[PDB]
Amino acid sequence: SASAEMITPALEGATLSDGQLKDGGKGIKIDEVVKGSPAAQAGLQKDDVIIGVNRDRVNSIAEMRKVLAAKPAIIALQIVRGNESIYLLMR
Amino acid sequence: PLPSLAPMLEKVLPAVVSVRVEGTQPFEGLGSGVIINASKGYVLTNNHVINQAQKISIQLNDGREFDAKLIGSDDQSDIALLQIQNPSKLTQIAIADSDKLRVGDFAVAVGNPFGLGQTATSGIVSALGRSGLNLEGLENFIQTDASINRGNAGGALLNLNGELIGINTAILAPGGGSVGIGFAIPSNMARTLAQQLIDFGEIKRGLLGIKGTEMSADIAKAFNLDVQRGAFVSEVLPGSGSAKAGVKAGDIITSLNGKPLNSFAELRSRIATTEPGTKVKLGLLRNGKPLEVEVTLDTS
Amino acid sequence: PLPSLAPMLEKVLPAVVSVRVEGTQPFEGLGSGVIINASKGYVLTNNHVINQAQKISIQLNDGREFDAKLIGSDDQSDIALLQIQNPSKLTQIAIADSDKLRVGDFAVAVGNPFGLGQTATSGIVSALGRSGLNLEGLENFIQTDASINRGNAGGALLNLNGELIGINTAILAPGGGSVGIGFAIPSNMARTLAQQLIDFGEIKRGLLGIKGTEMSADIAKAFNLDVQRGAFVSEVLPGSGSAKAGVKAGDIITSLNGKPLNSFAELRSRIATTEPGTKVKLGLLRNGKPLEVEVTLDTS
Amino acid sequence: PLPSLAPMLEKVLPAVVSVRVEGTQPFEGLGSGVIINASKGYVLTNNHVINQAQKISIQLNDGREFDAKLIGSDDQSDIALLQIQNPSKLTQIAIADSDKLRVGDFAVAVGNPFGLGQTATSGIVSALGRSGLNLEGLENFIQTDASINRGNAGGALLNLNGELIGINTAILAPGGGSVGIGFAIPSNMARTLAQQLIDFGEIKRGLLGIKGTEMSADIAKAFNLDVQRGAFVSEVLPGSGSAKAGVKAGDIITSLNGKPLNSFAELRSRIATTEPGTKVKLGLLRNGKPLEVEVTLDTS
Amino acid sequence: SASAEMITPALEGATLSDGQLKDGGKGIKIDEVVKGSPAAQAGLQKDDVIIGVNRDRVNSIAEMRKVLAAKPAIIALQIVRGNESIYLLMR
Amino acid sequence: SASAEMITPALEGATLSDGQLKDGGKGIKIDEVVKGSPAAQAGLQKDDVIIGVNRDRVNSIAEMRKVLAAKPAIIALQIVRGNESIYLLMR
């Protein structure tokens, strides 16, 4: 469970683990979100499934880690909450 | 022979009246208002002062005094409407559309600053469509550099022909005085709210069933997009008119009814004013290509 | 080609001069004045600037310096007159009828803000006849939105033709700076008082002999009167010219010399300025019946 | 049909850009700048904005954001120039001659007040050649009454045609807000400084070698001189170009290059701007007798 | 002497007595007005003979209590100070 | 060595003595100016030779004293140092 604090300051208080979709798509599954943290301010929620970051498609922590190595101002986060696809950002 | 604003202000100044608010410890505030209908004596003011009012008094330009009963209110847009009892030989202002406004048009602000009386000051339209000032629920302010002081709430912003184009609402004052920055609600929003409040007695607010954030510059360049101003939809709500039309998450909204979009707050303001059940076209952007869809507004 | 105020201003700025006042703990004050007679070098100013003056110095715009001595002043009108010692190549300014001034006219202010030099700011006349500001004994100010700051007292207020129409006296500064509100004494009242001061050495204030209060819309409603602006007569002193004229208690003053007055303070200022012995006409209401009465002013 | 300022601003507004300063405890800055050359993207700002800047960001009015690197800066004149990398579809502004400016011309100031965006305010030129404000080494500011506030540093001043005639630098705020007086460096000094900055990358100050103080009216009256505005010569440094030309102590500077001057501060600023080695004409006066001498410039 | 404070707040600080006019008319003869009270602020003094109120002619306590029951914003009571008819205004 | 303080307040902290110029010209010798005094702030230093007071030429302390008795608002002093001439202006 790699912490998101060491990836970007805005994602403090979130626990990440590589998860799979309902159809088997590789991604990251959210474990827990700390209430009142900047990550919770972005709308992070338990049991969520990450599938991509910005425009690049990701499958593990290393890929979006080296994507954020360039440190964009705002990270788009493709995510499938249930059967409805939503998005998560940062500031 | 000399150029002056006096000929235009001769037939306009009596229209604008003051407002004396007494409510609750007793509170004695004051503001201004505009008479929109003279036959039945409806006045248009700001909901800021009326909110804690028990008895409301109106002072005309010639000193005549009346009494006012509030008809309705709009908390989100800070607009309230009052009626003057036994109106007699009253005059009303003419409202012109603010959609044709441009940065640089002259404007004259009429109000009651510091309670001294009716004061007319000059200025220009500093910038249109200013938003995100954490002043209201809805932001579509018109910014003007005319000296707008305390007690100017509910005033009037006029062109050189004497037509109302704005209602002064909020000012920026680091030390309690105007620094050449004043914010006024446009007349198109005010006129539509007045007609709805007169005919219905309440507000019928529409929505699209869309949740999203404002468009920045980093996301557009990271996605290879030629547009930097718009709305970034984050989620579509099932059962809404947006779902029926077929809009999807991650889209960018660029234009509305052919008129272009400046910020996410502007879209929220225009969509809320619009009557529910009407069809409006949207300029969307999907993966670098533009598309247009027709959506029927729902009811809040 | 490009419209500008330079063609008109370039012939006017040399007329306005600055004044430094030193006196006593010692203090150094600064102000401004306007030259009204080139041959004799009379300079108008404000009483409160010169109230505690020990030495007076005058500098023009080009750096030339002179000396002056106080001629006469009145504490209740806040104006004074000075004579420039050994005048040499001095220019004067014209005086226009401030009675024809109407709201919406353009006007520029010339003076020394914060002791930086001679500056010219622009503006308009917010509203005329403003009074009851508890700033002085006599209030007949005209309000202008041109930025008037500290050190601008005793300056000038010019129309677009370069003629003087007012003298800046007081400002409304909630935080020590201009907020677009500036009060200027009219020119007709200042000019006439100046002529009396230099001819006779002191003023002569006329009095009707009536003690009374102002009008409000409440009083007219109780008494069933159509007019809500005027003066309320409360007591007629015996032996006064008004008593001989035939005015009694309860009289309402509506017109003065055929001109309507919007407040009670206006009547006080116009009567006091007028020299004793003048015959004037007054339009009064007596139980709703208008009549006309001739009164001769007494001497203070 | 209506007389409005909009047609001029449409082609001029996108030429002015904002500037964000981040770095060091961390601190955030904000300002404005003017694009001079569109082909390469040279923007002009004030040095005090980027005196401690680590990263500099520039956003147009459309929201597009770039990054810039500091080409060079001048501490005395408080002017710096920045280069925008990957310039693409940029707009430049014209440069007018501030030597033709006069009191009474209309001016429009654009900028970024209080982080609200790009706002344009109106005003006129109060006075020129103001100095002695303990701000910079060289002071030849143009003072204008347009309401400019914090964040407007490095902004623009536009005539009725849209050509740059100033650069906002400083305000006089007793309560943290605008009062109606704003100081701006002229355009000719800014343009000449810009040419040196992009052609070489550093400044070359011109120096004469004369030590002196301000001229007062008392000194002229002591020496019986008709002029009271100029520079008083107190010492001539051996080995300077002035010594070669024959200028010695007891001397009064009257005119520069055939044009009358206002103060010794103006002479100091213009001399520093002028390139070293160039020959200049000096209006000279000694013992009440005018003289004309030609001198060369050294390197500071 | 009926209490004047209860009648209206603006008349507080005065003592009222139903006297008579010098010519035989009926009016209110003021007994005392406390200095600094709102009655004194309006100019009430000793031996004031109130003969009228606004428009209606007043003769007794019942009638001016009746007219003040409507709570007029500003009172205008006409008296004869000595032999001079004057108008004293209250709130 | 009459003190310059009693001539004018601006000359406080400097001692003046009567000597002669190199070419025999009668003048005033400056012996000592204390640091921080307005005279020191005016640029007055040691070995300065007073040769003029504004316009009037002086030779002793009394001449410049009666010149300054009129108390001019701004006072000028023409000094010769080495082989060059300089001027001092103090209010």
# chains A, B, ... in the order shown; residues from 1 in each chain; ligands from 1
call {"tool": "residues_around", "arguments": {"residues": "segment 57-73 of chain E", "least_positions_apart": "4", "cutoff": "6 Å", "atoms": "only C-alpha atoms", "output": "PDB file with C-alpha atoms, in the first residue's frame"}}
result
ATOM      1  CA  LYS E  26     -58.936  75.676  28.844  1.00  0.00           C
ATOM      2  CA  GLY E  27     -55.351  74.491  28.466  1.00  0.00           C
ATOM      3  CA  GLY E  52     -53.372  73.184  20.785  1.00  0.00           C
ATOM      4  CA  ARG E  91     -41.375  63.255  18.729  1.00  0.00           C
TER       5      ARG E  91
END
call {"tool": "calpha_fit_rmsd", "arguments": {"fixed": "chain C", "moving": "chain D"}}
result
0.4 Å
call {"tool": "calpha_fit_rmsd", "arguments": {"fixed": "chain E", "moving": "chain F"}}
result
0.7 Å
call {"tool": "interface_residues", "arguments": {"of": "chain F", "to": "chain D", "cutoff": "9 Å", "atoms": "only C-alpha atoms", "output": "list in words"}}
result
residues 54, 55, 72, 73, 74, 75, 76, 78, 84, 85, 86, 87, 88 and 89 of chain F
call {"tool": "write_last_selection", "arguments": {"atoms": "C-alpha atoms", "output": "mmCIF file, in the first residue's frame"}}
result
data_model
loop_
_atom_site.group_PDB
_atom_site.id
_atom_site.type_symbol
_atom_site.label_atom_id
_atom_site.label_comp_id
_atom_site.auth_asym_id
_atom_site.auth_seq_id
_atom_site.Cartn_x
_atom_site.Cartn_y
_atom_site.Cartn_z
ATOM 1 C CA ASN F 54 26.340 84.264 -0.395
ATOM 2 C CA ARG F 55 27.198 87.422 -2.348
ATOM 3 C CA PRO F 72 17.975 84.528 5.529
ATOM 4 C CA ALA F 73 15.772 81.482 5.039
ATOM 5 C CA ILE F 74 18.472 79.639 3.057
ATOM 6 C CA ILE F 75 22.128 80.469 3.702
ATOM 7 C CA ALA F 76 25.006 80.122 1.224
ATOM 8 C CA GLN F 78 31.521 80.053 -0.695
ATOM 9 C CA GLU F 84 39.242 74.799 -6.289
ATOM 10 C CA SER F 85 36.049 76.512 -5.127
ATOM 11 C CA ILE F 86 33.003 74.877 -3.545
ATOM 12 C CA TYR F 87 29.686 76.016 -2.094
ATOM 13 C CA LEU F 88 27.696 75.002 0.983
ATOM 14 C CA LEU F 89 23.949 75.566 1.356
#
call {"tool": "residues_around", "arguments": {"residues": "segment 31-47 of chain A", "least_positions_apart": "4", "cutoff": "7 Å", "atoms": "only C-alpha atoms", "output": "MDAnalysis selection string"}}
result
chainID A and resid 10:17 88:90
call {"tool": "select_by_dssp", "arguments": {"residues": "chain A", "states": "helix (DSSP H, G or I)", "output": "list in words"}}
result
residues 9, 10, 11, 38, 39, 40, 41, 61, 62, 63, 64, 65, 66, 67 and 68 of chain A
call {"tool": "residues_around", "arguments": {"residues": "segment 160-168 of chain B", "least_positions_apart": "4", "cutoff": "8 Å", "atoms": "only C-alpha atoms", "output": "list in words"}}
result
residues 5, 8, 9, 12, 46, 93, 94, 95, 96, 97, 98, 106, 107, 108, 142, 148, 152, 153, 154, 155, 156, 182, 183, 184, 185, 186, 187, 188 and 190 of chain B
call {"tool": "interface_residues", "arguments": {"of": "chain D", "to": "chain C", "cutoff": "12 Å", "atoms": "only C-alpha atoms", "output": "PyMOL selection string"}}
result
chain D and resi 100-107+122-133+142-147+159-162+172-183+215-221+225-230+261-263
call {"tool": "select_by_dssp", "arguments": {"residues": "segment 16-50 of chain F", "states": "strand (DSSP E or B)", "output": "JSON, numbers by chain"}}
result
{"F": [16, 17, 18, 19, 20, 26, 27, 28, 29, 30, 31, 32, 33, 49, 50]}
call {"tool": "write_last_selection", "arguments": {"atoms": "C-alpha atoms", "output": "PDB file, in the first residue's frame"}}
result
ATOM      1  CA  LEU F  16      35.463  78.998  13.603  1.00  0.00           C
ATOM      2  CA  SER F  17      38.701  80.976  13.768  1.00  0.00           C
ATOM      3  CA  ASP F  18      40.049  83.889  11.736  1.00  0.00           C
ATOM      4  CA  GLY F  19      43.128  83.191   9.626  1.00  0.00           C
ATOM      5  CA  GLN F  20      44.329  84.044   6.122  1.00  0.00           C
ATOM      6  CA  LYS F  26      41.489  87.322   4.735  1.00  0.00           C
ATOM      7  CA  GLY F  27      39.142  84.509   5.685  1.00  0.00           C
ATOM      8  CA  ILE F  28      37.924  82.164   8.404  1.00  0.00           C
ATOM      9  CA  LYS F  29      39.580  78.880   9.394  1.00  0.00           C
ATOM     10  CA  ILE F  30      37.430  75.905  10.399  1.00  0.00           C
ATOM     11  CA  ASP F  31      39.120  74.099  13.284  1.00  0.00           C
ATOM     12  CA  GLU F  32      36.739  71.303  14.315  1.00  0.00           C
ATOM     13  CA  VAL F  33      33.238  70.073  13.473  1.00  0.00           C
ATOM     14  CA  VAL F  49      38.672  78.549   4.308  1.00  0.00           C
ATOM     15  CA  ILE F  50      35.652  80.860   4.310  1.00  0.00           C
TER      16      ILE F  50
END
call {"tool": "atom_distance", "arguments": {"atom1": "atom CA of residue 79 of chain C", "atom2": "atom CA of residue 47 of chain C"}}
result
4.8 Å
call {"tool": "atom_distance", "arguments": {"atom1": "atom CA of residue 194 of chain C", "atom2": "atom CA of residue 115 of chain C"}}
result
26.2 Å
call {"tool": "atom_distance", "arguments": {"atom1": "atom CA of residue 72 of chain D", "atom2": "atom CA of residue 141 of chain D"}}
result
21.7 Å
call {"tool": "residues_around", "arguments": {"residues": "segment 17-28 of chain D", "least_positions_apart": "6", "cutoff": "6 Å", "atoms": "only C-alpha atoms", "output": "JSON, numbers by chain"}}
result
{"D": [53, 54, 55, 56, 57, 58, 59, 60]}
call {"tool": "residues_around", "arguments": {"residues": "residue 260 of chain D", "least_positions_apart": "3", "cutoff": "9 Å", "atoms": "only C-alpha atoms", "output": "ChimeraX atom specification"}}
result
/D:230,254-257,283
